[PDB]
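**Q** Structure for the following, please:
(chains A and B)
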Amino acid sequence: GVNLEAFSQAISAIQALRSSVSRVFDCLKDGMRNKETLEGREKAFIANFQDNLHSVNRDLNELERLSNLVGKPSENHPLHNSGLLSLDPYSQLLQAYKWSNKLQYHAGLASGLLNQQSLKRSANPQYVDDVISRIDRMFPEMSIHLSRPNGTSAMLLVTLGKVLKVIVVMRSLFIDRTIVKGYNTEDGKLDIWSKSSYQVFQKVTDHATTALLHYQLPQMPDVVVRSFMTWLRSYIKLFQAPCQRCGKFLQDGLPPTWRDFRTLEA
Amino acid sequence: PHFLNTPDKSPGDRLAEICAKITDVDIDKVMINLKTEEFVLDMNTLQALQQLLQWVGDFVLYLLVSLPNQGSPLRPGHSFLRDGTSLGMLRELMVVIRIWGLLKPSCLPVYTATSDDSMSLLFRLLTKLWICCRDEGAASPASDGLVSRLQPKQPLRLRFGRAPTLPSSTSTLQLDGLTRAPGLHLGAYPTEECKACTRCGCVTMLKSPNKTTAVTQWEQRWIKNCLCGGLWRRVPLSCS
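**A** Numbering: from 1, shown residues only, chains lettered A, B, ... in the order given. I have put the structure below:
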């Protein structure tokens, strides 16, 4: 429901229109303080009209208009007002909603800025792994599956849009030893280790290994595998290469910083 | 002395003086009681509207709204209104400007809204306190109720021409040899001066040329010293 942001923007716009009206009528209530060469400050008056032209910005709200026109009479809210009149203590529900949203955003910002850790070091479960894999499989166009043909370690494969499927061996976490193979795969009777490529997919595997060694966290493997899955899914397009042309080399793929760009650019 | 009347049986000065002995209320009746013809003097009478009419209107309106301010942080509050003679001069002024409005439509508005003119009830209450303030009389309670409520015609922010203080007998003086630290009658009191603004003794600080056309009477009257206005200064136009 991003229309709330649009309505807040419209409120800010109309408040700015009122403020600009007040400001221009106040400026008209004063003359040239000290010009001594030309009363060019009257041009600021015209500039004030530009702020009044910002009223047309409120007309932009007509594009954001038609945000809500439905039934759903306030979404299951009325309990005491439209219900038991004696049930007056209702608003506690809305208070709790606001409290929870505030706590959520507060803790989110706190965790986001707490990246500057201060802990030096630490000095003085296959079912869980399969469950984490299945939970990560919950994203669209990211059909993954595992079989564990050899060993107690995890053998996971991912196929997003093309025949560029990737295999990643895990040890219940921090899945290292990545191998991407475009257009064949599981030769013999299980996953293979051919690692054949077109001198570019091998580079992609190198990038994946670099990320795995880079996105390795000291604990909490959930966030680790989540960042891993997002980093891999970011390859769904492979069609744009900023900071250079589209043919800087054999192929231009390296989104390590949440944005794809031309390869060989570190 | 603006009475450039036709030759009559008596002079305009003594006639306007005896105009004080007039009816109780309804100045629109007093004007026909005394006279209404021999008062015009110029077609270009548009001189007191932008300068004096608003001034006298604000003065009388403050005099009105001062009545409910009896319990002020002062024994006489803001003013006295115990003379009546000055109020008689004010009544002469208001009736002559009524004649002016009858002649020149550039009269004195109520300055806020709803002229429904509106000076009638004003003059009525002034005369009501007049019979309480002519001579050997005390101040009245009905007039209190009549003045207490206010109409949609009551502005504020009057000039109150006065001089800055200098109470440095033996107590305190915050000044030096230089660098004065900052902390009008014919209007011309903007937020920041943008003209000559010839500083004066107490409050005038009026512009030197005044951009006048026929109001030269005031300028030619205030060239010399003024009332508490012999201190004609040259305070610079340090507008801020």
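**Q** only C-alpha atoms for contact and neighbour calcs from this point on.
**A** OK.
**Q** how about stretch B:225-233: buried residues?
**A** For stretch B:225-233, burial by neighbour count (16 or more other C-alpha atoms under 10 Å in any protein chain shown) applies to B:229, B:232.
**Q** wait, I meant stretch A:131-144
**A** Buried-residue list, stretch A:131-144, by 16+ other C-alpha under 10 Å: A:132, A:133, A:136, A:137, A:142, A:144.
**Q** ok, these vs chain B, which is closest?
**A** For those, the residue nearest chain B by C-alpha to the nearest C-alpha is residue A:136; the value is 66.2 Å.
**Q** And the strands in chain A?
**A** Using DSSP state E, the strands of chain A run over residues A:143-146, A:154-159, A:166-170, A:176-180.
**Q** returning to what we had before: list the ones among the buried residues of stretch A:131-144 that fall in helices.
**A** Mapping the buried residues of stretch A:131-144 onto helices (DSSP state H) picks out A:132, A:133, A:136.
**Q** got a markdown table for these, with distance to chain B too?
**A** Output for those, formatted as a markdown table (distance: C-alpha to the nearest C-alpha, whole Å):
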| residue | distance to chain B |
| --- | --- |
| A:132 | 69 |
| A:133 | 71 |
| A:136 | 66 |
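**Q** closest to residue A:112 among those residues?
**A** Within those, proximity to residue A:112 (C-alpha to C-alpha) peaks at residue A:136, which comes in at 21.9 Å.
**Q** Spit out the contact partners of that closest one.
**A** For residue A:136, the contacting residues are A:226, A:229, by C-alpha atoms under 8 Å, 6 or more residues apart in numbering or on different chains.
**Q** In a markdown table: the strands of chain A, plus distance to residue B:202.
**A** Below are the strands of chain A laid out as a markdown table (distance: least, C-alpha to C-alpha, whole Å):
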| stretch | distance to residue B:202 |
| --- | --- |
| strand A:143-146 | 89 |
| strand A:154-159 | 90 |
| strand A:166-170 | 91 |
| strand A:176-180 | 90 |
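**Q** Tabulate those (a markdown table), appending distance to chain B.
**A** As requested, the strands of chain A are exported to a markdown table (distance: least, C-alpha to the nearest C-alpha, whole Å):
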| stretch | distance to chain B |
| --- | --- |
| strand A:143-146 | 71 |
| strand A:154-159 | 71 |
| strand A:166-170 | 72 |
| strand A:176-180 | 71 |
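**Q** neighbours of the closest residue to residue B:77 other than its chain neighbours, just the number please.
**A** Spatial nearest neighbour of residue B:77, chain neighbours left out: residue B:70 (6.6 Å); criterion: C-alpha to C-alpha, 6 or more residues apart in numbering or on different chains. Residue B:70 is flanked by 12 other residues according to other C-alpha atoms under 10 Å in any protein chain shown.
**Q** on that earlier part again, format the ones in helices among the buried residues of stretch A:131-144 as JSON lines; extra columns: distance to residue A:33.
**A** Below are those laid out as JSON lines (distance: C-alpha to C-alpha, whole Å):
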{"residue": "A:132", "distance to residue A:33": "71"}
{"residue": "A:133", "distance to residue A:33": "72"}
{"residue": "A:136", "distance to residue A:33": "67"}
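**Q** Of those, which is the nearest to residue B:7?
**A** Nearest member of those to residue B:7, counting by C-alpha to C-alpha, is residue A:136, at 110.9 Å.
**Q** coming back round to it: for the ones in helices among the buried residues of stretch A:131-144, which one is nearest residue A:196?
**A** Residue A:196 has its nearest neighbour among these in residue A:133, at 26.1 Å by C-alpha to C-alpha.
**Q** Residue 44: how many residues sit nearby?
**A** Let's take chain A. Here the number of neighbours of residue A:44 (other C-alpha under 10 Å) works out to 12.
**Q** ah, no, chain B please
**A** Neighbour count of residue B:44, defined by other C-alpha under 10 Å: 9.
**Q** and it, what helix or strand is that in?
**A** Applying DSSP states H and E as the criterion places residue B:44 outside every helix and strand.
**Q** give me the residue from the stretch 151-266 of chain A nearest chain B.
**A** residue A:243 (51.4 Å).
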